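This report concerns only the one structure given below.
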Amino acid sequence: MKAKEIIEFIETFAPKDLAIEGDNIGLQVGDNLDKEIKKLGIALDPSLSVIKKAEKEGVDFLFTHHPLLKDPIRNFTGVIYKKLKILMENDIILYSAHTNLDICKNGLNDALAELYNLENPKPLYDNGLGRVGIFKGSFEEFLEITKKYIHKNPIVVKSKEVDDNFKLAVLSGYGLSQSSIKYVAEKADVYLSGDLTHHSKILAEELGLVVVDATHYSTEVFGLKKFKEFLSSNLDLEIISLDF
Amino acid sequence: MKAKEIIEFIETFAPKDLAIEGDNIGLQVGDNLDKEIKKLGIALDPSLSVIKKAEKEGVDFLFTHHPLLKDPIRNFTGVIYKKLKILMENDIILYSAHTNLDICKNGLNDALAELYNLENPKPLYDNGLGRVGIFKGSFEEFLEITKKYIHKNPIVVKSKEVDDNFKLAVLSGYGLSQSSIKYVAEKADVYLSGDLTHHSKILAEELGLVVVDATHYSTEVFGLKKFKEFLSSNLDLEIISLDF
Amino acid sequence: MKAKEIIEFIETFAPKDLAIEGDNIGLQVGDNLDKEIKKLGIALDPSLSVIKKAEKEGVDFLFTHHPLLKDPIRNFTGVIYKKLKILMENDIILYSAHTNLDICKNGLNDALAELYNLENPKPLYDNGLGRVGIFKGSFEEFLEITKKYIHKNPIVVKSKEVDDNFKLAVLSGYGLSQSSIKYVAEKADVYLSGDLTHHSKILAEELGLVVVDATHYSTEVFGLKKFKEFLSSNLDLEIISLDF
Amino acid sequence: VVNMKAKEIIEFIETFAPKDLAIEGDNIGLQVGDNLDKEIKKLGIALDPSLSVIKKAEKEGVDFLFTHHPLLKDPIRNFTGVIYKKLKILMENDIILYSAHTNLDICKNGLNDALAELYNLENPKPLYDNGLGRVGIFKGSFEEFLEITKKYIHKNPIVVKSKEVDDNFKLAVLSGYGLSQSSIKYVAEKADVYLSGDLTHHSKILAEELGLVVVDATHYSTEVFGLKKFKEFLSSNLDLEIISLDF
Amino acid sequence: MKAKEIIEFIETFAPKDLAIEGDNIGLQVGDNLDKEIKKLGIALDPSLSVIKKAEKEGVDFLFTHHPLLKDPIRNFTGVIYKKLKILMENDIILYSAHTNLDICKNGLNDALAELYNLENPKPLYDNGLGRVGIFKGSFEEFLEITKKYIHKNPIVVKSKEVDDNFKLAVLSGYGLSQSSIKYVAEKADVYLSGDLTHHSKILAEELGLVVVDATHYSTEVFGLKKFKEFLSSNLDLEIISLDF
Amino acid sequence: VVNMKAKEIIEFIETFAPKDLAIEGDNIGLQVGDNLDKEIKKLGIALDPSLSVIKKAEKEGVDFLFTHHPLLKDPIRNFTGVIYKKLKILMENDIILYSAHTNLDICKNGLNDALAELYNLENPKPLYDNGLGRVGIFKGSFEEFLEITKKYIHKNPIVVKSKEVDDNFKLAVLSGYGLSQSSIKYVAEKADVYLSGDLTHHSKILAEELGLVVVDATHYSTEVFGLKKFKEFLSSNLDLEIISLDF
Ligand SMILES: [Cl-]
Ligand SMILES: [Cl-]
Ligand SMILES: [Cl-]
Ligand SMILES: [Cl-]
Ligand SMILES: [Cl-]
Ligand SMILES: [Cl-]
Ligand SMILES: [Fe+3]
Ligand SMILES: [Fe+3]
Ligand SMILES: [Fe+3]
Ligand SMILES: [Fe+3]
Ligand SMILES: [Fe+3]
Ligand SMILES: [Fe+3]
Ligand SMILES: [Fe+3]
Ligand SMILES: [Fe+3]
Ligand SMILES: [Fe+3]
Ligand SMILES: [Fe+3]
Ligand SMILES: [Fe+3]
Ligand SMILES: [Fe+3]
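Protein chains in written order, with my numbering: chain A, 1 to 244; chain B, 1001 to 1244; chain C, 2001 to 2244; chain D, 3001 to 3247; chain E, 4001 to 4244; chain F, 5001 to 5247.
Take a look at the structure:
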């Protein structure tokens, strides 16, 4: 398959216009997209060790969820120099689907919603991020699902008692900012996401919002694996994962 | 003692001009500073449950490390309504020493520097946040000191092997931001602070900086306990802690 | 009746979406809106003496035209401390309808337009503020209506002679800014509003726009009284005015 | 009585009120004019560079028009309407328009000092760090202060009597527009009584809450008092015909 | 004819809403638009020498393509004083149609597009600046048309060989900015415009875009002459050009 | 003739043109490179880090590429097209790219000084406060000045002859792009004749209105003149093969 055909396939599943404003999605590093592709590698992060592993495994197309850079640069030294050197010497294409993969149907957030069998799920934010709906069961039933399918030991901020058939909000990745806690506290009883910090925990306790941190890594990798299997079933391509 | 006498004592120990710019230090909520003070309460956070406890324990002067508000507001509803209502009905004075207490001599960062017996301690930043110096011993010894005195199960990002007599940087509270990691990576082998997130962990691994997250809470409470003993020994005032 | 029922009634009459950009309308100070309301107080300003008077008269719901704060704050001392203390210990709800009450049908600007019986009244600004139309009569007749119903001694900047059946623009409150003078000069012969200042007077004279300052207070209180009687006729509630 | 070059008039004015005294962004100095070697037979002084002041300057044969307020505060890139009418008159008649604004407010014996001397303020200090306004003790009763205001500044001042004021009170003066909400909050911590101009509703309410006594003797009159003194200074020192246009 | 009738005629041909954002079009200098106009002067620039010539020729209405000022001023000295003095003393109206004249049908860009007989011309930018389409002929033929009708000695940046029937973009005026070069390189083989500079030339060479600089002046004057002839055929007015 | 480590080359260059001399936001110093202990046998010097310069560097075995202009002024977060092609060549060949931009314009014996010495300006002073360019009196006629320009800089400069120029006039020089509209308004008050590069239409008109004589000897030639002098400076002091790539 040609690189531009892989890119079109991905953009059919997760359209570029779904990405929130300023999100650096699409081609990160690459020249010729008529290049033919024998081995695609998928990763959560375009980290130095992921890129080293890609070179070692003979990956020619590297797909990551997070962009290579959020902040623009005009100098090439240290780590970014090492990364680009490996990608350019091996002519490895680096392509990213970030918030457009979180938001799209059957994307990262939908995967979580599907896992918890959320009743009548709606988007958590107006831009499309996250899902919220009724969880048909008890809080403990919700915890056992999280522990078995997402993360063995989630941090639970038990701000209040939770009744059965509660409102559950999910957001894969970093959803536990202070501003998110205040917003979601008005929309849900329980909030499942990643990257909890001190001030957010205090805030969650004050608002009576139950927060479950199943980590940034695990809440995205769950959906990313399903996406990887989707790629495998539909492309006549060797596909491997590098950091999950 | 009168409230203004307590404040002057605190500002002698931690001068207001030491605070980094835009830090909301000083009087948070207050009326008459000629008021005489029955009970001084010290807390990390001016949280709802802390302020409730202050009211219940008869605290009239509430000292917190974190300010009540970082972002200004023009509406008084929900949680902030509940907090202000308690402080004003009981005429409880709320006063904060934030980064000025982090930076001053024998402050929150110096306490950490003394604990690890840093050789030739220097300020980590030019504004004077954090401390940096040589730890005279092994990484495992460093860990057991951390585990016994700060936090029992710190998260360790072991990006590289660390030699004996390595450079240790310490920062009480939230010091594990992405920009901090890139800055400290140029100055230390090991970085001890709080509030780790995914992107920070990945970045530390790429730069080979060993990060130890002993939590935001514990890295500040350690110095705060020391400050509490300092106040008790010098003032003729009943002094209690509310969230530690 | 409940506070939320009063708020619903007010927002039916003056919907919040009519409010101009950045206008601080709605709930100013308050927590529980299921609270029941025995006595509603209406005022132009949430001033210190108004709030003391509300407390003295046993007002539990205080409605004001101007918001409590335009500039946001993060510290609570002095005058604002006194205001909140009185509202919170007595659990008095403070609620505001500002520009949404100026713009709505039968609102503050419509009340003035109806008084002068403007022929074919149009909004003065595109956002909804002010009214403009033909006054069917002489300038002297317009002055007598002003003197009898709005303000006994208005300041008149007679920049030019005014013919019968002239175009009259009205704007309740502060409409005599320099920018307004230049805008209205293109739309009307006579401009009736409040809060005239030196530079604005000069500008009106240069442009030949006749400006009548019947004061900020009086141009809003006229419509506010009408609103008060509307509330009285429709709610089974004791209603008093506090600064008019 | 003789003629003077425009640049000599400007040098004299800037000696009395140096330009670096002006606060940030204040549009002081030459407003309209090209050649400063121009000879000047008649100097005109005004508070405002208004249309009617400029018409009067043309009618009276003024060659050099001095105003306290600048022609423009906000820059423009189109020349129509009133600004067109003003520039046409200034340019057709080759009239130089020059302004000393906050530098005239702040300088020694300037507009604010004129008020401080009028009320014989004890130990006068600048009200702001930029040097606007004056503050000191008025040695007498509030009633005496009011009669001075009424006799020398304005006959019917607006008084916001927020509290009773004792004899020998602290008085702040600010010529022109000093009654903004932020000024009221600042001066409330420095004085019992605040004398200035351009009172508005929200400011009055704010003064009442803070217990600051505010006296509005108008923007016009509080500057014109000092401007008349400035005109007299010019008349006695320059051998030039000097007239006032809006006072 | 009255000045307002001339203005209406021009705005019918080139509506002001076509002008790009922030473009200072319309009346530059003038008060009364009922003035009678015997002689219209048309110029590219409202320069000092053009304005002197307008006065010398008894021009009553001066139409320029470029505005008098792009950046606003609050002081009137030097050149702008001299320009305004001549315009106001001699009662000359100055009016400009800038980018609305570039963009409109049969405007400056359409004039260039028709000259080179572009097949299926489309606007180059989304705001409607420039034209792009296929030039039916060889590069040498394109070049000889340029030399005969626009400028005898254009600067040619021959970054690549050009095939017959190539894509030609034209932009009258300043179209050779670095940003434009990067944008047009994706849309055309050859770019005709004005005001080439060093960094733009280098960039054109790197991208393989052939750039032809026929100067800012000539690429606009070509269309301006066509517009002048249009005014002559339709208005019963004496019409002269001042800088072409 | 021997090899040098990259850091030794950088140290020599920064002694001649210290980095703190660079104006605000100027992207000077290391552009592309990781290890500065790298050994350098061949130094390449260029005006622009263009694609064709970088291709030529690769072909000539350049290990250290010095350019006057930075690789990027505007930061980027995607690597495609031309920048991809440039970095690929630099990274594959382990070529260090380093730049001295305005710090080379401003330092003593830099690009602007080279021009000032060339025209033998009497009492040369910095043109700007930062301080780009030089200004002083040219001891001679305009025709003599024009012939020096034609001899050393560019045979065919564009001359905007806004006025007649008397002998012993004030000459301003600025290497590179100095003919912006704002520069012209500034220089018009400081000199009779302005020598620089990159003239555009609006700038030409503006110079004609202000009576400032502008001579465009191109952006390229006015910088290459001083760059050649810098290249010879490096040759005499470093035992390295040094070649130029776009001049
Ligand atoms: Cl993220
Ligand atoms: Cl913090
Ligand atoms: Cl208002
Ligand atoms: Cl003023
Ligand atoms: Cl243009
Ligand atoms: Cl440059
Ligand atoms: Fe993520
Ligand atoms: Fe994500
Ligand atoms: Fe903290
Ligand atoms: Fe801290
Ligand atoms: Fe109002
Ligand atoms: Fe209003
Ligand atoms: Fe004034
Ligand atoms: Fe003043
Ligand atoms: Fe143009
Ligand atoms: Fe154009
Ligand atoms: Fe340059
Ligand atoms: Fe340069």
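We put the beta carbon where it would ideally sit given N, CA and C, even for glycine.
| Asked | Found |
| --- | --- |
| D3026 of chain D beta carbon near ligand 14 (any heavy atom closer than 7 Å) | no |
| Interface residues of chain B facing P2072 of chain C [CB-CB closer than 7 Å] | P1072, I1073, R1074 |
| Through-space distance from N5112 of chain F to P4121 of chain E, alpha-carbon basis | 47 Å |
| Anticipated Cβ contact below 8 Å, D4195 of chain E with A4043 of chain E, distance rounded | Between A4043 of chain E and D4195 of chain E the Cβ distance is about 19 Å, and since that is not below 8 Å, they are no contact. |
| Cutoff 8 Å: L207 of chain A Cβ touching any chain B Cβ | yes |
| Neighbouring residues, chain F, relative to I4202 of chain E (Cβ below 8 Å) | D5048, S5050 |
| CA nearest to the CA of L2101 of chain C, picked from C:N2024, C:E2144, C:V2132 | C:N2024 |
| Outcome for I3076 of chain D when other beta-carbon atoms lying within 10 angstroms are tallied against a minimum of 16 | exposed |
| Below-8 Å beta-carbon distance, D4195 of chain E vs any chain I residue | Protein chains A, B, C, D, E and F are contained in the structure displayed, whereas chain I is not. |
| Those residues which DSSP pairs with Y1191 of chain B across a bridge | B:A1169, B:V1211 |
| Nearest-angstrom Cα separation, counted from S5052 of chain F out to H1066 of chain B | 57 Å |
| Selection of the segment 2002-2032 of chain C by Cβ proximity to chain B, strictly under 7 Å | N2024, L2027, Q2028, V2029, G2030, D2031 |
| Amino acids of chain E, ordered along the chain, whose beta-carbon sits closer than 9 Å to that of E3092 of chain D | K4085, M4088, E4089 |
| Classification of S2233 of chain C by the beta-carbon crowding that lies within 10 angstroms, buried from 16 upward | exposed |
| Distance, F2063 of chain C Cα to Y3177 of chain D Cα | 32 Å |
| 8 Å contact criterion, which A1019 of chain B and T1077 of chain B should meet: CB distance rounded | In fact, because the Cβ distance is near 29 Å, the residues do not count as touching under 8 Å. |
| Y1217 of chain B CB to nearest heavy atom of ligand 2 below 7 Å | no |
| Opening and closing residue of the beta strand (DSSP E) in which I4093 of chain E lies | 4093-4096 |
| Beta-carbon neighbours of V211 of chain A, restricted to chain B and to distances below 9 Å | Simply none; closest approach about 15 Å. |
| Cβ-heavy atom distance, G3136 of chain D to ligand 6, below 7 Å | no |
| Host alpha helix (DSSP H) of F1139 of chain B (start-end) | 1139-1149 |
| Assigned exposure category for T2012 of chain C - 16 Cβ within 10 Å defines buried | exposed |
| Identity of the residues DSSP links to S2049 of chain C by a beta bridge | Bridge partners of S2049 of chain C: none, in fact. |
| Reduced DSSP category for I4025 of chain E - H, G, I as helix; E, B as strand; rest coil | coil |
| Reduced DSSP secondary structure (H/G/I, E/B, other) of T1012 of chain B | helix |
| Secondary structure, beta strand (DSSP E): runs of 3+ residues fully inside the segment 2104-2141 of chain C | 2119-2123, 2131-2134 |
| Range of the contiguous alpha helix (DSSP H) that encloses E4089 of chain E | 4078-4089 |
| Span of the beta strand (DSSP E) around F4227 of chain E | No beta strand (DSSP E) holds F4227 of chain E; the alpha helix (DSSP H) holding it covers 4216-4234. |
| Below-8 Å beta-carbon distance, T2146 of chain C vs any chain B residue | no |
| From C:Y2125, C:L2069, C:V2190, residue whose alpha carbon lies closest to that of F2139 of chain C | C:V2190 |
| Short CB-CB distance (under 8 Å) between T64 of chain A and chain F | no |
| Exposure label - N1117 of chain B; buried when at least 16 CB within 10 Å | exposed |
| Residue range of the unbroken beta strand (DSSP E) whose run includes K5042 of chain F | 5042-5046 |
| CB-CB length for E1205 of chain B against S47 of chain A, believed under 8 Å | 7 Å |
| Burial state of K4085 of chain E (16 or more Cβ within 10 Å) | buried |
| Option nearest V132 of chain A by Cα separation, candidates A:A111, A:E57, A:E21 | A:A111 |
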